Amino acid sequence: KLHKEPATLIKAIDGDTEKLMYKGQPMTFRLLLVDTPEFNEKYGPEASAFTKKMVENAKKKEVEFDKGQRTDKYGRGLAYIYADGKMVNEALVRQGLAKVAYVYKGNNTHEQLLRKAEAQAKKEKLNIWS
Ligand SMILES: Cc1cn([C@H]2C[C@H](OP(=O)(O)O)[C@@H](COP(=O)(O)O)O2)c(=O)[nH]c1=O
Ligand SMILES: [Ca+2]
Numbered sequence: 062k063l064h065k066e067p068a069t070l071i072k073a074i075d076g077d078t079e080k081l082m083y084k085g086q087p088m089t090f091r092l093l094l095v096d097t098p099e100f101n108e109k110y111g112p113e114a115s116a117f118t119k120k121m122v123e124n125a126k127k128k129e130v131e132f133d134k135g136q137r138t139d140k141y142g143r144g145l146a147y148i149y150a151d152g153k154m155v156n157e158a159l160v161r162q163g164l165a166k167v168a169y170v171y172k173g174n175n176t177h178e179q180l181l182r183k184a185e186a187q188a189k190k191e192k193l194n195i196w197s
């Protein structure tokens with residue numbers, strides 16, 4: 062079982078990265094197990116807008132680390148991010164705005180959950196899958 066930790070919004074970045082204050086440190090969090098298009108790729112601006120609004124509209128922001136690496140080689144936090152209890156990683160995938168991606172054995176607690184979301188988005192031919 063993982064645990065959710067409080068964090069506070071600093072600023073949006075793009076569909077799968079967000080800047081949060083965590084334990085008094087400004088950190089870029091990269092979302093586990095997903096990949097949104099880069100900002101100037109198709110669906111890029113939409114995935115950016117979706118993550119940005121989902122986070123900044125939530126009263127309660129939380130980060131949840133997995134069991135393995137907590138930071139990548141760039142110093143970004145690797146986490147599942149929750150906004151009023153809804154997981155952003157999952158919501159992007161469900162809406163066809165991110166693919167399941169960067170799936171590593173240390174750090175794949177929510178893999179089945181996100182794959183179930185992805186299969187729904189592909190069935191519906193949403194966005195990336197249209
Ligand atoms: C999601 C994720 C990305 N990364 C690294 C892999 C890629 O590094 P390399 O470019 O060195 O191969 C990079 C992709 O992030 P972005 O999709 O944000 O560009 O982030 C991890 O190390 N672990 C992860 O869980
Ligand atoms: Ca990306």
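Going by mature numbering (1 follows the signal peptide of the UniProt record, and there is no 0), the letters in the sequence shown line up with residues 62 to 101, 108 to 197, in that order. C-beta: ideal position from N, C-alpha, C; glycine also.
(message) Just to confirm my understanding: we take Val170, look at its own chain, exclude 5 residues before and 5 after, and list those with CB closer than 7 Å. What are they?
(response) Here the question's residue 170 lines up with position 103 in the sequence shown. Here the set comprises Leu94, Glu178.
(message) Taking the beta carbon of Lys190 as the centre, do at least 16 other beta carbons fall within 10 Å, making it buried, or is it exposed?
(response) Taking the sequence shown and counting its residues from 1, the one referred to as residue 190 is at position 123. Flag for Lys190 reads exposed.
(request) Within its chain, find whatever has a CB closer than 6 Å to the CB of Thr89; leave out the 5 residues flanking it on each side and keep chain order. (result) The residue labelled residue 89 in the question sits at position 28 within the sequence shown. Counting only Cβ-Cβ distances below 6 Å, and skipping sequence neighbours, we find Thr78, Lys80, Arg143.
(request) Please indicate yes or no: does the CB of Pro98 lie closer than 8 Å to some heavy atom of ligand 2? (result) On the sequence shown, position 37 is the one that residue 98 refers to. Yes - ligand 2 has a heavy atom lying nearer than 8 Å to the Cβ of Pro98.
(message) Using 9 Å as the threshold, is the C-beta distance between residue 200 and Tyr149 below it?
(response) Absent from the structure is residue 200, since the part of the chain shown begins at 62 and ends at 197.
(message) So, at 7 Å on beta carbons, what are the nonlocal neighbours of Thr138 in its own chain, with the 5 sequence-adjacent residues on each side left out?
(response) Sequence index remark: in the sequence shown, residue 138 carries index 71 (1-based). Excluding the 5 residues flanking it on each side, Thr138 has same chain C-beta neighbours closer than 7 Å at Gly144, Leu145, in chain order.
(message) Is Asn174 a contact residue of ligand 1, with contact defined as CB to any heavy atom under 8 Å?
(response) By 1-based counting over the sequence shown, the position of residue 174 is 107. Answer for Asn174: yes, Cβ within range of ligand 1.
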